[PDB]
Amino acid sequence: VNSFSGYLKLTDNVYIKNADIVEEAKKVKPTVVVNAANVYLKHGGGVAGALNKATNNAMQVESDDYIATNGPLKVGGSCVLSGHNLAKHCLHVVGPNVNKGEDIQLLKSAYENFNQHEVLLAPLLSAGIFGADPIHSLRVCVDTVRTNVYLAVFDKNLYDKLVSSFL
Ligand SMILES: CNC(=O)C[C@@H](C)Nc1ncnc2[nH]c3cc(Br)ccc3c12
């Protein structure tokens, strides 16, 4: 039993809700919140900009030190950093950005990072400003993640479409 509330169950291990991931993290304080990161950990907009804003820019300060030490992530890769006031940990995961020409096949590799964590609160990778089809992202999530994932979808119209079209 966990504290996630109001989710629709899609499969044995995947759950979904129309919710602002920032507000959801603040309420649940999950062990892991997933950020929709880029390779530079520049949290300017989309989910990343919103999560970082909620940390009062502490996420960005920590991220800049991480990059200065380690260099950029790989597309499809991840790193674990602090969750600040939102969660114990933040798993920064880089899905391919279609608006940069990146290989959509890398979306499966991106979701594989979730399997290193027993339970996660997450957005749909490569959705939103990353330009991928969210219906496809949900399909890859369900077919790749084996651990327990609670998906927050900000847009109500999109949430209803994802549920209604789910096979
Ligand atoms: C239409 N874009 C998506 O669907 C992409 C998806 C990854 N974005 C989000 N997903 C879940 N919760 C979220 N809260 C937010 C608050 C702010 Br401001 C900006 C974005 C999000 C956000």
Side-chain angles (χ1 to χ4, degrees), residues 2-10 14-60 63 73 75-79 81 83-100 102 104 106-114 117 119-142 144-145 147-166:
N2 63 52
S3 158
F4 288 103
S5 176
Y7 285 74
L8 179 70
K9 183 169 178 59
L10 294 176
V14 179
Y15 295 80
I16 195 167
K17 183 182 180 177
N18 174 216
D20 184 341
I21 192 173
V22 170
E23 287 308 307
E24 187 75 6
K26 283 197 287 187
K27 158 174 115 56
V28 177
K29 295 298 237 76
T31 304
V32 180
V33 66
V34 173
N35 181 32
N38 58 53
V39 298
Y40 307 110
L41 302 180
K42 287 173 59 96
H43 308 302
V47 167
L51 290 172
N52 176 59
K53 178 176 175 185
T55 76
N56 183 43
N57 210 50
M59 178 181 285
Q60 191 64 67
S63 293
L73 296 180
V75 178
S78 70
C79 68
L81 291 172
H84 301 275
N85 52 317
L86 304 177
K88 189 174 189 304
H89 303 106
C90 179
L91 182 69
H92 295 272
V93 180
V94 184
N97 189 325
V98 176
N99 306 318
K100 300 181 180 178
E102 292 166 354
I104 194 62
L106 290 169
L107 187 55
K108 188 174 185 73
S109 301
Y111 273 116
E112 287 170 344
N113 295 285
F114 289 25
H117 303 276
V119 182
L120 315 86
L121 172 62
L124 285 169
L125 298 179
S126 298
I129 69 175
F130 282 62
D133 177 2
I135 297 177
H136 175 66
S137 182
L138 177 57
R139 188 73 259 165
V140 177
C141 181
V142 163
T144 305
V145 182
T147 55
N148 291 144
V149 56
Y150 290 85
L151 295 168
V153 177
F154 180 59
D155 189 73
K156 170 61 173 169
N157 289 322
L158 175 60
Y159 170 85
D160 288 345
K161 179 183 192 150
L162 288 164
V163 169
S164 291
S165 63
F166 183 72

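One-based numbering along the sequence shown. For ligands, and for the atoms within them, numbers begin at 1 and follow the listed sequence.
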Set of side chain to side chain contact (heavy atoms under 4.5 Å, CB included) partners for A50, sequence neighbours left out: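 Testing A50 for side chain to side chain contact (heavy atoms under 4.5 Å, CB included), a comparison that skips the adjacent residues, returns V22.
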
By side chain to side chain contact (heavy atoms under 4.5 Å, CB included) - contacts of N85 (at least two apart): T55

Which class fits the ring pair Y7 and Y150: parallel under 30°, tilted 30 to 60°, perpendicular over 60°? perpendicular

Step through the shown structure and confirm whether more than 12 heavy atoms of other residues, nucleotides or ligands are within 6.0 Å of NZ on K29.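 Yes, the 6.0 Å shell around NZ holds more than 12 heavy atoms from other groups.
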
Do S137 and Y111 get their side chains close enough for a donor-acceptor pair, meaning under 3.5 Å? yes

Does any pair with a residue in residues 18-39 pass ring-ring contact (aromatic ring centres under 6.0 Å, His included), and if so which ones, sequence neighbours excluded? none

Identify, chain by chain and in numerical order, each protein residue with a heavy atom under 4.0 Å from an atom of ligand 1.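 Contacts of ligand 1 under 4.0 Å: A19, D20, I21, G46, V47, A50, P123, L124, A127, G128, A152, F154.
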
